[PDB]
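Accompanying notes for the structure given below.
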Amino acid sequence: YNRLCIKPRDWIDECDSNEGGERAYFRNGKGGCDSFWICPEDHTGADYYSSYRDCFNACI
């Protein structure tokens with residue numbers, strides 16, 4: 001399940017701006033992209049969408 005575009009893991013989506021890592025952009029089967037913050041914690045490489053518009057155009 002779940003393409004790169006879709007993160008299976010709520011991964012502490014609360015390390016907010018400055019309180020956290022980069023913003024990263026994903027897209028669940030609701031009807032929009034959802035950006036989260038990575039935190040320094042899940043330094044998973046994060047080969048993810050950087051630009052909002054990429055997540056949006058790629059997956060919407």
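Letter 2 of the sequence shown, counting from 1, is numbered 2 in the authors' numbering, and no numbers are missing.
Beta carbons are placed, not taken as given, at the ideal position from N, Cα and C, and that holds for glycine.
When the options are compared against residue i, the one with the closest alpha-carbon
| i | options | result |
| --- | --- | --- |
| residue 10 | 52, 48, 36, 30 | 36 |
| residue 28 | 50, 41, 5 | 5 |
| residue 40 | 3, 8, 18 | 18 |
| residue 20 | 31, 42, 3 | 42 |
Residue i and residue j closer than 8 Å at C-beta
| i | j | result |
| --- | --- | --- |
| residue 25 | residue 1 | no |
| residue 22 | residue 58 | no |
| residue 33 | residue 12 | no |
Own chain, CB closer than 6 Å to residue i, minus 5 neighbours either side, in chain order
| i | result |
| --- | --- |
| residue 15 | 37, 39 |
C-alpha distance - residue i paired with residue j, whole-angstrom precision
| i | j | result |
| --- | --- | --- |
| residue 44 | residue 8 | 13 Å |
Residues of its chain near residue i, where Cβ-Cβ distance is below 8 Å and the 5 sequence neighbours each way are ignored
| i | result |
| --- | --- |
| residue 51 | 25 |
Cβ-based neighbour list, residue i, same chain, cut-off 7 Å, excluding 5 preceding and 5 following
| i | result |
| --- | --- |
| residue 53 | none |
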